[PDB]
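# Secondary and tertiary structure notes
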2 protein chains.
Amino acid sequence: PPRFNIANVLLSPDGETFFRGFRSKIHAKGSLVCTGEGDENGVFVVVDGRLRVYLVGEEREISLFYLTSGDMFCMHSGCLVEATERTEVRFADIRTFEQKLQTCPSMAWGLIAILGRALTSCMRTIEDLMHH
Amino acid sequence: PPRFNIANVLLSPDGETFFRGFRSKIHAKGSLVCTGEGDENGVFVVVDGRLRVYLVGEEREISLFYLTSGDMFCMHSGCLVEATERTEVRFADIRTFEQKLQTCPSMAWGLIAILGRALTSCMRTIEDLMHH
Ligand code: HEM
Ligand code: HEM
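The record names X-ray crystallography as the way this model was obtained, at a resolution of 2.7 Å.

Attention shifts here to the interface of chain A and chain B. If you look at the interface, chain A gives 31 residues, while chain B gives 31 residues. Counting each side, the surface lost to burial between chain A and chain B is near 2,600 Å², with a carbon and sulfur contribution of 81%. Three residues, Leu115(A), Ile126(A) and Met130(A), lead the burial of chain A against chain B; their summed loss comes to 23% of the area buried on that side. Between chain A and chain B we count zero salt bridges in total. Between chain A and chain B we count zero residue pairs in polar contact in total. At the level of secondary structure, the elements contributing two or more residues to the side of chain A that touches chain B comprise β5 (62–67), α2 (94–103) and α3 (108–130) of chain A. Take the side of chain A that touches chain B: its biggest share by element is 15 residues, from α3(A).

Moving on, we come to the site of ligand 1. The full set close to ligand 1 counts 13 residues, and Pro1(A), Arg124(A), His76(B), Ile94(B) and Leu111(B) are the nearest of them. Mapping the residues near ligand 1 onto chains gives chains A and B. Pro1(A) has a polar backbone atom sitting 2.9 Å from a nitrogen atom of ligand 1. At 2.8 Å, a side-chain N or O of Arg124(A) approaches an oxygen atom of ligand 1. Breaking the shell around ligand 1 down by element, the ones donating at least two residues are α3 of chain A together with β6 (72–74), α2 (94–103) and α3 (108–130) of chain B.

Cut-offs used in this document
- Residues numbered from 1 in each chain as written, not as in the entry; some residues may be left out.
- Chains lettered and ligands numbered in written order.
- Heavy atoms only, no water.
- Contact = heavy atoms within 4.5 Å.
- Buried area = accessible area lost by both parts, 1.4 Å probe.
- Salt bridge = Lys/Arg side-chain N within 4 Å of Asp/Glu carboxyl O.
- Polar contact = N/O pair within 3.5 Å; in protein donor to acceptor, adjacent residues only side chain to side chain.
- Helix = DSSP H or I, 4+ residues; strand = E, 2+ residues; numbered from the N terminus.
- Near = heavy atom within 4 Å.

Written as structure tokens, this is what we have:
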């Protein structure tokens, strides 16, 4: 998918309200936003800071990609998410987020972009796990 | 991401024409739909049939997931696609797809959906490839 700048949405009259009322949470460096389990469910967006999305297995970590400011992710991918800096997120449950999306579909490309990014990573990862 | 039913859109007045003008092509069981080094850019949607998506290196094919009636995909994922049965597709180029998307945002959910499954499939592939 194309790149996506979240600001073309937030600066626009359709977008500016998108996160109104989303709760705010701060994540200490080193802290786990998500474990591959029952964190809960919900979507969040990185306000500032930086998070690492990775997998394990054989007790070994594979980095997939990083989530910096403006990036959207969820609590249910089954990936691990840990803060590498103190980072702030806005969050809401799946349902509120769905609502907002249908009222401002242009903001759906951000979701498209983050899946594209996480997809290309995994694929490149897979190529590399084979070249040995 | 949420599951997507393309009929919801195609039956909507909003989206009934979405594939107007797309061209039709028939691939016979066994034929390659995508290479890596083909360098043609485009989107297609499966009308009927079944395609397999996989990657290759070191002469080891690895299957990721499959595409069936209603699923969308592209010619630039670097992924390799072969028809496991007689499969009819509709296609156009990225530009034309974009336009149709601008005009009918609800259809982007099918993009979110296919990127979505691709993601989950590649992850287990990784989870798998490691207990190995
Ligand atoms: C329909 C299913 C699609 C899939 C599975 C997909 C997947 C991908 C992947 C894996 C890449 C990584 C490029 C690489 O391997 O080097 C990519 C790049 C790209 N794709 Fe898509 N894509 C899809 C649809 C689209 C659409 C609809 C558009 C445009 C409207 C698009 C435009 C682009 C662009 C511009 C890039 C390069 C992004 C960059 O600058 O890094 N793709 N896509
Ligand atoms: C924002 C980035 C997101 C990513 C990377 C993502 C990824 C995933 C993954 C990997 C799964 C399967 C988990 C498993 O392996 O069991 C899943 C399931 C699911 N997610 Fe998401 N998701 C995202 C956002 C969303 C959003 C915005 C919604 C809104 C409805 C949503 C709703 C669902 C639903 C309903 C399922 C299970 C239903 C099905 O079988 O497709 N997710 N998602």
